[PDB]
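Here the protein sequences come in this chain order: P, R, X, C and Y. So the first sequence is numbered by the working numbering: it starts at 1 and just counts up by one. So the second sequence is numbered by the working numbering: it starts at 1001 and just counts up by one. So the third sequence is numbered by the working numbering: it starts at 2001 and just counts up by one. So the fourth sequence is numbered by the working numbering: it starts at 3001 and just counts up by one. So the fifth sequence is numbered by the working numbering: it starts at 4001 and just counts up by one. Yeah, the Cβ is synthetic: ideal placement off N, Cα and C, and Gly gets one too. Okay, structure first, notes after.
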Amino acid sequence: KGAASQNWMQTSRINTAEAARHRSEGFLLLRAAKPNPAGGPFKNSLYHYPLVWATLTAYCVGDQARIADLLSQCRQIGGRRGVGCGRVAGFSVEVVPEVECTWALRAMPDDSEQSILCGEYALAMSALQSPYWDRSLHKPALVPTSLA
Amino acid sequence: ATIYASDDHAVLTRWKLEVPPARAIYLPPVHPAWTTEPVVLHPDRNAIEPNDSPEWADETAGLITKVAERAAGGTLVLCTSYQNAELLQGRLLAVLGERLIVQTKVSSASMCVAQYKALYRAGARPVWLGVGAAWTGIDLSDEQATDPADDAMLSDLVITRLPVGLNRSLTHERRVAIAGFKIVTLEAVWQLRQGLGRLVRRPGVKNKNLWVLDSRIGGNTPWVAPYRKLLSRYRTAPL
Amino acid sequence: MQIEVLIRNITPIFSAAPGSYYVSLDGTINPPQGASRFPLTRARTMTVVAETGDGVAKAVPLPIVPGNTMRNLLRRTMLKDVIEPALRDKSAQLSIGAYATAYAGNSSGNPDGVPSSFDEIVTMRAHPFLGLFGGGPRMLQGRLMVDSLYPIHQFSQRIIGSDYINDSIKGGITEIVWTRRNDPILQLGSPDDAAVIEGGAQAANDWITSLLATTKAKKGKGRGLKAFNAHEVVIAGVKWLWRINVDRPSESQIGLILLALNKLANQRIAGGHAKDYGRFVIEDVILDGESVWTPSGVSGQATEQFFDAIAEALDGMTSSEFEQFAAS
Amino acid sequence: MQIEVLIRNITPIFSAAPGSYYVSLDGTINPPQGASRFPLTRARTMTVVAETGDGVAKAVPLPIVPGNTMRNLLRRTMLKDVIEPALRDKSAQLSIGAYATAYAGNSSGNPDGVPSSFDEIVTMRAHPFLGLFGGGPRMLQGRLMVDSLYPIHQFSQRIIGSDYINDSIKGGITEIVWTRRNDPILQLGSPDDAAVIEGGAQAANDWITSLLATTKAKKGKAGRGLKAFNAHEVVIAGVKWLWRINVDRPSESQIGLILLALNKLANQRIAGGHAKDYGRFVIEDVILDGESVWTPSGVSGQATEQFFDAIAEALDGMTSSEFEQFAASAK
Amino acid sequence: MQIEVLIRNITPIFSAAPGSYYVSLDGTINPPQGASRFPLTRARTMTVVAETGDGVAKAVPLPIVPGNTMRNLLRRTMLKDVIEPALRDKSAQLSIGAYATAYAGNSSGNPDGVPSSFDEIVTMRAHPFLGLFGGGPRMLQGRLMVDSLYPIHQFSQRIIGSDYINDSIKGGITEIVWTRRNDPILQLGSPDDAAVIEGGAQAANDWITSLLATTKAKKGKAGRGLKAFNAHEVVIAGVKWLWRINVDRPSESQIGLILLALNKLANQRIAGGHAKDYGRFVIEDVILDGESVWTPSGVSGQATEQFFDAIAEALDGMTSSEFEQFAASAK
DNA sequence: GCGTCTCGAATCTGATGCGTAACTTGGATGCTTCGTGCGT
DNA sequence: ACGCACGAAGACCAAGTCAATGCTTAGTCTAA
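Structure below.
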């Protein structure tokens, strides 16, 4: 992190006066008398996610040319890309000696060999192949403690 | 030679010379090995602020006098303005005498550079106190000696100031108003790099020496960091 | 497809930052306990790294407008300026699920979670409006990726770029505006003023007595109308750059974006409706490096196809498409 | 709907800027501690971006009138000259809470926090007066977008546009005025003047002795006496101003109400300085959606005829029940 | 209610602007440091916007009389001509605090922090005098708007309108008057002249020798003696002035009191220069809501009879009880 | 038809007070289920 | 005649914080 993490705040709300006007004019078919900001169609919601300035470095085994070509079309990193978070100023792909840092800092399968693991590995539930948010694909896996 | 800066990425060029944002294309920087390696910087820093005080002139004159005594051959002392040179030439003339030659309002590269070239070939070990004009354009390569590695007509050179705010164009004032003090610092970095352009104008130079004379580089003030980065490319003299 | 919109705000832009922050009369943010403190609603500032004061890197706050606010503003502009009139022209009516999906992408209409067939995804992601803003019970991935409204400032050089260096502002761009609320009863001066009040002089006397008693009790240890406070806003006249990208856009979607940009000037940015904050005028719109902003709005020979496509889409648009998208 | 009002102030406009400021007798703001300083209440200035002939954009102060202050001015003008006379013609009475909410937007400092029904929102936003300002115990979004009072100045050219350049003023438009308070007892000169004072000579002697003792104690140390000498900063008279009013999808009744307010606005005053007759102004031109609708009589013409008819009908049908419903707390 | 008073000054008007300004002996204001730097007390001027015939908005100074000075002049006129005779006949004596509050708007420099009850506000705002002049420990808004005394000049045409073009003056209306103070002892040059001073000629010789020593020491260095040479800048005599007094919703008695003051206002001075008989003026015309109500005798006519009558009964029923209530502290 | 001399000089060259007061010193919302009954 | 409206209700502990940015000094002549 080039700077401390910033807690970013975003909300969600349907304009109640605009909806009332549409309800009056027949654009909206709602018979309910009042909006409910606590829940339902007109719920106001408050959520937060952290924003960080960072340089993304990771290690892999593959083709330099093809990986560089794939990363050429990448414009945004991480998530919340619809609101423009994590634009890519640039990228670099370099060949480095194996002794620097291994590719093991990831979700390895449960019975992975100890010799290839860099550092401590805590057992947890995570997916081994992308997509990683699919909870039906979640399996017990060794997740690096010094990276989570 | 001063298009791309260390961190500006030629933005100053695109702004000074207005170019459409899409029409401009940058190029990677290049530098031959014989441009940075064959020179070492002496750690003889200046102990006084580069003002116009007579005592600062005395100390700088003594430092550059011992440099000239130690100088291998023809040397160049980079003076920013006529005010500093005139304040400095009086002390030098006591020891150097005729060996020192300085620009005037009339004296310039019309004949002074030719005279310096002739005197250097004569073995006088001449000292050229450049003022503004000598900062850019004039040639200090011993073209006749086609080794080419002679490194004697400009064996040594000394800088008296960074400099700071040499450009006085109203466009520069507009730019410094728009962007702040950052632009003038990197413009002075450009000027300092331009002054180093006098050091080499032929390939295969082998051994030259450099002196820095400004207490600001030794005062550890935050804004001279780009100058530190620029001079850090050059190995210091192991004194 | 990259859209670069150069926005200059005529009036100050006020995006309220969460939190209870205080200020003193002299203007000191978060004054110490010694002096009086007044509540302050600061502008939305994002911590960014920049070369401030010839430093290598400084994490200085930059007053911006959140990207989600810009996204919602664009959605509201489309809805209130092209989509809603087009649906009204057909006398279309939307259920609560379809309307919630259309105006906030809320899945309340069918929170069960509906599968989407590949043909359905192809048809719907090609919708001129709902494709750009995914959501609803289906909850697709929208084709619109709008950036935050970063001001053209010295600290935003590494976020905006150096293409618009001529319009940058060196100093701070935030100013504190003080508000005040006065009790109308204390400003009565004659029985003619109190004629409209049903209680006349007696009601005003009771109101003032209650106010005095409450104030005395509060001093010794129900809140009245009187209030003094300030809110921080970004100074007017500063130029802003808005970057919009549409991933794999159809002609209809680009036409809709151009129409929204045409009608965007009539809307406001962020908050401040009471004080007419956020008013702005579009200065330049850039499509894939080509300037398109004419003095009469977005026009030109290179955008007629988008306008024709979006007009054709508006001609044949029906509420049934919204219902199908919202699974209603 | 965009309304642009062109205002030239007959008397200087003085809007107090919060915070303590000091000035010396010469006129130097925030003088060095060595010189004598006097309290100063500066005219409120909002930082704005101004472009010059050099092309550089810089932040400079600009003396303006806050949007909130003259929004309240417009509300008070409407209530005093259009709404309240209409209510009093039919002998309609408002409760103290209804009056407080009509004049300030709330009956108390604690909002209800309960959402309003859709039909109530539509009815209130269709009200000629309540629709413009909204507010109430349950926050209702008003239709009136009202802007601050920007003087037509070289600094405000970027803000107010270049179509009013003919009325711009180049130099500074701010001047400082000094005020003094005198102890009346120090101007007594005969027992006839002190004959009306109870006790007379004894009372005056006690007052002067106490004043001298207090001043001597204050001087040696290095309540408050009547003597005072300070200054307050005002905007010079004769400068033109631009007022911009926007309404979100206005009904004809609300447009007519705003036009009537503009007709009756000249009798009111913009900012503070009631004793010094500050804030007096005359409206020069009113622009409605890019069209001038101002005559020497005022807002008039067939273009504004329908707005006036609609607002007259609404006022004839205007009752206190709407205000009582609007200001009724949901709790 | 608008009242316009046309005032012409018989003698020069001298309202001194605070600040130390210097003038050379040839009339140049703020000369170079090389020349002499005699002190000057300039007349107070407010910058105003005026057209020089080309329609350009040029900010130029204008020698005026402060509005606060005129307000206090009107207050003093009413008190010393109307209120004081009325209270005296009934043997009603104001307390020292009531006297100070009436003559200065406050009995001390620390106003109360609590608002006043509505009954008190109604009673005070209806009072013939206290209603016009607000103030007191509880900040109360008065009914009087006193404007500055703007001279009818080409620069003030934009401010005061084009109604008084025939009375406008083009050239500068400001002049410098030189003042010198002599040391009496130096002029004393007879043994009979010194026959009154104790010690005879010895005291005069000691005075002269002390003066010589002091001036020699001060010149060598490069108290203060009696010798002086100064200058004060005054507005020339004979120019016409426009005075605007505006009152919001007045009772009959208050307007009657204002008219009574205007009848007896000419006997007072405008501002400053008591020793040199500065500030003398004569009222040319009084405009009452667009109608001239000024007779050669004074404020008279069939139109204004009811105001005078009403203020007459108001004075007859007046007492000191309301003054004591107004000036009483609420803490 | 001019006529020239003289065609200034010294000295003052500011003093004193006042040189803030009171009050506001935030307020509200951001949850779904469950039972019972309308109800279009 | 299943769908939607609408109040009551049930979890219920509970702090420490609230800046993030200051910085200097005169040569050019090679188009009217």
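Point to revise | Segments assigned beta strand (DSSP E), at least 3 residues, entirely inside the segment 3196-3266 of chain C | key: 3228-3235 and 3240-3247
**Study point:** Between the CA atoms of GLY3019(C) and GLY4161(Y) - distance to the nearest angstrom
**Key:** Position 161 of the fifth sequence, counted from the start, is the residue given in the question as residue 4161(Y). Position 19 of the fourth sequence, counted from the start, is the residue given in the question as residue 3019(C). Rounded to whole angstroms, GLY4161(Y) to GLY3019(C) spans 36 Å at the Cα level.
Check your understanding: Any beta-carbon of chain C closer than 8 Å to the one on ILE2173(X)?
Key -> The residue given as residue 2173(X) occupies position 173 in the third sequence. So, interface residue.
Practice item. Kindly say whether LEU2144(X), judged by its beta-carbon, lies nearer than 8 Å to any beta-carbon of chain P. Key: Indexing the third sequence from 1 puts residue 2144(X) at position 144. So yes, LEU2144(X) belongs to the interface.
Point to revise | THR2174(X) to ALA4057(Y) span [Cα, whole Å] | key: The residue labelled residue 2174(X) in the question sits at position 174 within the third sequence. The residue labelled residue 4057(Y) in the question sits at position 57 within the fifth sequence. Each residue's alpha carbon lies about 31 Å from the other.
Point to revise | Continuous alpha helix (DSSP H) stretch holding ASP2308(X): start and end | key: On the third sequence, residue 2308(X) is found 308 positions in, with the first residue counted as 1. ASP2308(X) -> alpha helix (DSSP H) spans 2304-2316.
Practice item. Spatial neighbours of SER3320(C) within its chain, please: CB distance less than 8 Å, with the 5 preceding and 5 following residues excluded, ordered by chain position. Key: Within the fourth sequence, the letter at position 320 stands for residue 3320(C). Excluding residues within five positions, the ones whose Cβ falls inside 8 Å are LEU3087, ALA3092, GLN3093, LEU3094 and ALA3098.
Review point. In this structure, does DSSP put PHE3133(C) in helix, strand or coil?
Key: In the fourth sequence, residue 3133(C) corresponds to position 133, counting from 1. Three-state result, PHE3133(C): helix.
Check your understanding: Straight-line CA distance for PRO140(P) to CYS118(P)?
Key -> The residue given as residue 140(P) occupies position 140 in the first sequence. The residue given as residue 118(P) occupies position 118 in the first sequence. So the two alpha carbons sit approximately 19 Å from each other.
Point to revise | Enclosing beta strand (DSSP E) for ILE4007(Y) [first to last residue] | key: Translated into positions along the fifth sequence, residue 4007(Y) becomes position 7. Residues 4002-4009.
Exercise for review: Return yes when at least one heavy atom of the ligand ADP lies under 7 Å from the C-beta of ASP3316(C), else no.
Suggested key: Judged by which ligands are present, the structure shown has none, so any question about the ligand ADP falls away.
Check your understanding: So, are the CB atoms of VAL1224(R) and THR1035(R) less than 8 Å apart?
Key -> Taking the second sequence and counting its residues from 1, the one referred to as residue 1224(R) is at position 224. Taking the second sequence and counting its residues from 1, the one referred to as residue 1035(R) is at position 35. In this structure, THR1035(R) does not lie closer than 8 Å to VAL1224(R) by Cβ.
Check your understanding: Taking any Cβ of chain X, which residues in the segment 1171-1186 of chain R have a Cβ under 8 Å from it, in chain order?
Key -> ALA1177, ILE1178, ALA1179, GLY1180, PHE1181, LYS1182 and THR1185
Practice item. May I ask you to list, following chain order, the residues of the segment 4073-4096 of chain Y that have a beta carbon less than 7 Å from some beta carbon of chain C? Key: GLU4084, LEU4087, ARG4088, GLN4093, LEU4094, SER4095 and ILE4096
Review point. What number of angstroms, rounded off, separates the C-alpha of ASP3193(C) from the C-alpha of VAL4005(Y)?
Key: Position 193 of the fourth sequence holds residue 3193(C). Position 5 of the fifth sequence holds residue 4005(Y). Cα-Cα distance, rounded: 28 Å.
Check your understanding: Within this structure, are the beta carbons of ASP1214(R) and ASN1051(R) separated by less than 8 Å?
Key -> For the purposes of this step, residue 1214(R) is taken as residue 214 along the second sequence, with counting starting at 1. For the purposes of this step, residue 1051(R) is taken as residue 51 along the second sequence, with counting starting at 1. No. Outside cutoff.
Point to revise | chain X contact for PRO3111(C) (CB, 8 Å cutoff) | key: Taking the first residue of the fourth sequence as 1, we reach residue 3111(C) at position 111. Chain X, which has no Cβ nearer than 8 Å to the Cβ of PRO3111(C), makes this no.
Practice item. Leaving aside the five residues before and after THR4045(Y) along the sequence, list all residues of the same chain whose C-beta is less than 6 Å from its C-beta, in chain order. Key: Taking the fifth sequence and counting its residues from 1, one reaches residue 4045(Y) at position 45. Answer for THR4045(Y): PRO4061, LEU4062 and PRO4063, listed in chain order.
Practice item. Check the Cβ of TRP1223(R) against every Cβ in chain X and list those closer than 7 Å, keeping chain order. Key: Within the second sequence, numbered from 1, the residue matching residue 1223(R) stands at position 223. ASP2054, listed in chain order.
**Study point:** Inter-stretch contact at 8 Å, needing at least 3 Cβ pairs: the segment 4259-4268 of chain Y / the segment 4033-4053 of chain Y
**Key:** no
Point to revise | Beta-carbon proximity of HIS2153(X) to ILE2169(X), cut-off 8 Å | key: Against the third sequence, residue 2153(X) aligns to sequence position 153. Against the third sequence, residue 2169(X) aligns to sequence position 169. For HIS2153(X) and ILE2169(X), yes; Cβs fall inside 8 Å.
Exercise for review: Pull up the CB-CB distance for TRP2240(X) and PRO2295(X), whole angstroms please, since I reckon it's below 8 Å.
Suggested key: Taking the first residue of the third sequence as 1, we reach residue 2240(X) at position 240. Taking the first residue of the third sequence as 1, we reach residue 2295(X) at position 295. That pair is no contact at about 20 Å.
Review point. Residues of chain X with CB under 7 Å from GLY3317(C), in chain order?
Key: As a working mapping, residue 3317(C) is identified with position 317 in the fourth sequence. Under the 7 Å cutoff, chain X gives no residues; its nearest Cβ is about 18 Å from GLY3317(C).
Practice item. Kindly list the residues whose CB is nearer than 6 Å to the CB of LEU4315(Y), restricted to its own chain and excluding five residues on each side of it in sequence; keep chain order. Key: Position 315 of the fifth sequence, counting from 1, holds the residue named residue 4315(Y). Only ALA4086 meet the Cβ criterion.
Check your understanding: What does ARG3125(C) touch in chain P if you count any residue whose Cβ is under 7 Å from its own?
Key -> On the fourth sequence, position 125 is the one that residue 3125(C) refers to. Those are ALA17, listed as they occur along chain P.
Practice item. Throw me the rounded Cβ distance for the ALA3237(C) and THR3011(C) pair, which I believe falls under 8 Å. Key: On the fourth sequence, position 237 is the one that residue 3237(C) refers to. On the fourth sequence, position 11 is the one that residue 3011(C) refers to. Sure, about 6 Å apart at Cβ, within 8 Å.
Practice item. Check distances from the C-beta atoms of the segment 2033-2066 of chain X to those of chain P and list, in chain order, the residues that come in under 8 Å. Key: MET2046, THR2047, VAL2048, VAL2049, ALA2057, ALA2059 and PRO2066
**Study point:** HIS1042(R): first and last residue of the uninterrupted beta strand (DSSP E) it sits in
**Key:** Numbered from its first residue, the second sequence carries residue 1042(R) at position 42. Element bounds for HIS1042(R): 1039-1042.
Check your understanding: Do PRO2031(X) and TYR2022(X) have their C-beta atoms within less than 8 Å of each other?
Key -> Sequence index remark: in the third sequence, residue 2031(X) carries index 31 (1-based). Sequence index remark: in the third sequence, residue 2022(X) carries index 22 (1-based). Yes, Cβ-Cβ distance for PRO2031(X) and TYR2022(X) is below 8 Å.
Point to revise | Pair within 8 Å by beta-carbon distance, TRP3243(C) and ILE3007(C) | key: Numbered from 1 along the fourth sequence, position 243 holds the residue referred to as residue 3243(C). Numbered from 1 along the fourth sequence, position 7 holds the residue referred to as residue 3007(C). Yes, they are a contact pair.
**Study point:** Residues that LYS2170(X) contacts on chain R, provided the C-beta gap is smaller than 8 Å
**Key:** By 1-based counting over the third sequence, the position of residue 2170(X) is 170. By Cβ distance, chain R contributes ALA1177, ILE1178, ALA1179 and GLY1180.
Check your understanding: Going by the CB atoms, is the gap between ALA2260(X) and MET2001(X) shorter than 8 Å?
Key -> To locate residue 2001(X), count along the third sequence from 1; it is residue 1. To locate residue 2260(X), count along the third sequence from 1; it is residue 260. The answer is no: Cβ separation not under 8 Å.
Check your understanding: Looking at chain C, which residues of the segment 80-112 of chain P have a Cβ within less than 7 Å of any of its Cβ atoms?
Key -> none
Practice item. Using a Cβ-Cβ cut-off of 8 Å, state whether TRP133(P) counts as contacting chain X. Key: As a position in the first sequence, residue 133(P) is number 133, starting the count at 1. Cβ-Cβ to chain X under 8 Å: no for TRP133(P).
Point to revise | Touch test, the segment 2199-2217 of chain X against the segment 2272-2284 of chain X, Cβ-Cβ under 8 Å, three pairs minimum | key: no
Review point. Could one say the Cβ of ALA4328(Y) lies closer than 8 Å to chain C's Cβ atoms, at least one of them?
Key: Indexing the fifth sequence from 1 puts residue 4328(Y) at position 328. Judged by the 8 Å Cβ criterion, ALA4328(Y) is not in contact with chain C.
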